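Enquirer: Following this message is one structure expressed as structure tokens.
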2 protein chains.
Amino acid sequence: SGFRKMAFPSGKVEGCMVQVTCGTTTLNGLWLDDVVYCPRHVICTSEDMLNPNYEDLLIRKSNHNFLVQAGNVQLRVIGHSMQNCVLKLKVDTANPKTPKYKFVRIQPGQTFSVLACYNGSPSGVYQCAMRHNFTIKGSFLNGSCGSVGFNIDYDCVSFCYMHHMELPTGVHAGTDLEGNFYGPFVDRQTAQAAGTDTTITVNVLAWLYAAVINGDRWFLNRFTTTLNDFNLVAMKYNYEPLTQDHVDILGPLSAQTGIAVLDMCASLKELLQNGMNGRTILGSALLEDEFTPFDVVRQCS
Amino acid sequence: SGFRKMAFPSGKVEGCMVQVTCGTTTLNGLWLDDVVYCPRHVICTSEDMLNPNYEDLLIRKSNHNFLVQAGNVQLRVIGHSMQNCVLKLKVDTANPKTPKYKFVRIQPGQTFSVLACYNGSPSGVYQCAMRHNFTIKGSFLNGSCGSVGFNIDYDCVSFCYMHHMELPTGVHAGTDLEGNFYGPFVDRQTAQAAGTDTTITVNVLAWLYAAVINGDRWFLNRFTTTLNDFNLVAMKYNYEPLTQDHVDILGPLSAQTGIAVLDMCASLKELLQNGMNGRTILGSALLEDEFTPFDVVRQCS
Ligand SMILES: COCCOc1cncc(-n2c(=O)[nH]/c(=N\c3cc4cn(C)nc4cc3Cl)n(Cc3cc(C#N)ccc3C)c2=O)c1
Ligand SMILES: COCCOc1cncc(-n2c(=O)[nH]/c(=N\c3cc4cn(C)nc4cc3Cl)n(Cc3cc(C#N)ccc3C)c2=O)c1
């Protein structure tokens, strides 16, 4: 029993973190086979960071301008190129610790583990969700750029996020490992703002099922509702509209608990309209939306 | 910016997890140098588990009754002994991945990372705190016995917890790595109950400082209080009494935020007496007590 914000074991990724330095600008990189991936912002000097022309800055560099350190071992850079907002540094040694891996792009509402790193050294691991506005609410300090987000399935690491910057609201923006930003953000020092966000409804319902599996039942009721009346209430509370595919994905949890999906939606409507009255669910006093149905099944089955 | 429940990177521990099987009873073990540590309950058959005499059960075993598997490699058991509630299996191969390590026992209110494992295979990592009643609120399913809790300091893994059982309330009990239980629990199938718990006050104040560092300020006030009037309110809300050593430990966070410790205690008193009024702190609607001052400093500095 129990339900926690659980990350994937981080070892497979720890073995790929390195430090990349260009001049006095430094950040983290990801070493897979004989390639090091990192944010292209590393080629910026202090005066370049406000409004850089990255093609211009890159053509003025050569391989020896990039110092890559894996532990204490310096890796020799033998090629460089730019791929969207990521730099690819070809090195003369293939990383012996390379796991099986994939570069995947994720959808809003999906979760992943983040390995926060500084100076190429991993410091901590936690779970994140990609928000509807394509930001993540991470925990990153100065020097964390190039830290990666990932999921693990059968020894295969699917990398989905590399961290670039913090926005003024304190949330985080980055790219997939192909260098393409999540959301309408650019790697320049402009005051950029995250768009409006919404609550991920299917995740809240998955978490309510997790609560039932773990013995919190107080929010259940004999009421039911229709999908459209539920969505009429969701809209009023800034919740994503629930779709039939969402209902479908919740099928397994519904079966294992014996609470029909639209019944649990009736529960959620009541919770949105009346609050929790000093009561908690799985140790939380608000409705949690950063657990996917898959996350719930993994921890509760 | 940002504040998350952050675990230590788990790789150093992943390299030490193995599976231990005795008859048809199986669980996880920890392989360090040429020794495998695991819960002694593994020597119990189904009929032994209710009321076992472990000395009797152990003397009836020989080395070949223990099957230890590290990945697909079977490790040959060459000695066995019992140390309190842990079994030590000497194997003929020293684990090449052994990190620098220590066996330490922790105090209520201290936190640690848990690497949840099944069949010797790590599945997830999360942060836990040792409660005042010596339980932890973990996330463990059947087969998780032998999973370990740890902290990491400068490449040294301090192991502090090995998981044994779930109590009827769904919280978790286990031992230090010397085999000595945290709390008044025994490794037998008796209905055992966790004693009363309290809220860890110094941790709540540390978390309020984390909130200020991250820009949540709404709960601050010009009020102040004395330690004893604060404690008079704490007692009423089942909070641990705050001591001068706690005030001392909060010194650094107080300095970096410029909010005196007893000022923040005035804030906490107001929060306990009036609640939060639909407002949140660091994304939570209740007062969080599983972050130590050290945890806060690590993530916010
Ligand atoms: C309470 O803490 C508040 C700060 O927290 C943070 C959380 N996440 C990230 C950061 N962060 C950083 O650390 N560096 C950071 N620029 C840098 C500054 C540097 C100074 N030297 C010597 N070398 C440096 C390397 C970088 Cl890259 N930029 C800005 C940024 C980074 C990238 C990338 N890639 C792309 C575009 C931008 C505008 C940032 O946003 C800070
Ligand atoms: C929603 O889930 C509810 C269950 O969640 C859990 C969370 N934590 C732990 C458990 N758990 C388990 O997994 N096994 C478990 N006994 C076992 C049963 C087994 C069957 N075979 C084939 N082999 C087994 C090995 C174990 Cl050890 N015991 C009980 C227990 C274990 C130890 C140890 N060491 C010492 C004393 C006791 C009484 C337990 O409490 C279950």
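Using Swiss-Prot numbers, chain B covers 3264-3564, in order.
The way this entry was determined, per its header, is X-ray crystallography, 1.7 Å.
Placed from the backbone N, Cα and C atoms, the Cβ positions cover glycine too.
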Enquirer: Have a look at B:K3353, B:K3532 and find the one that Swiss-Prot tags as ubiquitin cross-link.
Expert: B:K3353
Enquirer: Rounded to a whole angstrom, what is the C-alpha distance between B:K3268 (ubiquitin cross-link) and B:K3353 (ubiquitin cross-link)?
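Expert: So the Cα of B:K3353 (ubiquitin cross-link) lies 36 Å away from that of B:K3268 (ubiquitin cross-link).
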Enquirer: What does DSSP assign B:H3304 (active site, for 3CL-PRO activity), in three states?
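Expert: DSSP assigns B:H3304 (active site, for 3CL-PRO activity) to helix.
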Enquirer: Rounded to a whole angstrom, what is the C-alpha distance between B:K3353 (ubiquitin cross-link) and B:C3408 (active site, nucleophile)?
Expert: 20
Enquirer: Between the Cα atoms of B:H3304 (active site, for 3CL-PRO activity) and B:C3408 (active site, nucleophile), what distance do you get, rounded to the nearest Å?
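Expert: Cα-Cα distance, B:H3304 (active site, for 3CL-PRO activity) to B:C3408 (active site, nucleophile): 9 Å.
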Enquirer: Among the recorded positions (B:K3268, B:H3304, B:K3353, B:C3408), which are close to chain A, meaning C-beta separation under 8 angstroms?
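Expert: Cβ contacts with A, in sequence order: B:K3268.
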Enquirer: Based on DSSP, name the secondary structure state of B:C3408 (active site, nucleophile): helix, strand or coil.
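Expert: Where B:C3408 (active site, nucleophile) sits, the three-state DSSP reduction gives coil.
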Enquirer: Which one is it: of the recorded positions B:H3304, B:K3353, which Cβ has the fewest other Cβ atoms within 10 Å in this structure?
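Expert: With the recorded positions B:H3304, B:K3353, fewest surrounding Cβ atoms within 10 Å: B:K3353.
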Enquirer: Could you tell me which three-state DSSP class B:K3353 (ubiquitin cross-link) falls into?
Expert: strand
Enquirer: Count the Cβ atoms, other than its own, that fall within 10 Å of the Cβ of B:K3268 (ubiquitin cross-link), considering every protein chain shown.
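Expert: The Cβ of B:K3268 (ubiquitin cross-link) has 21 Cβ neighbours within 10 Å.
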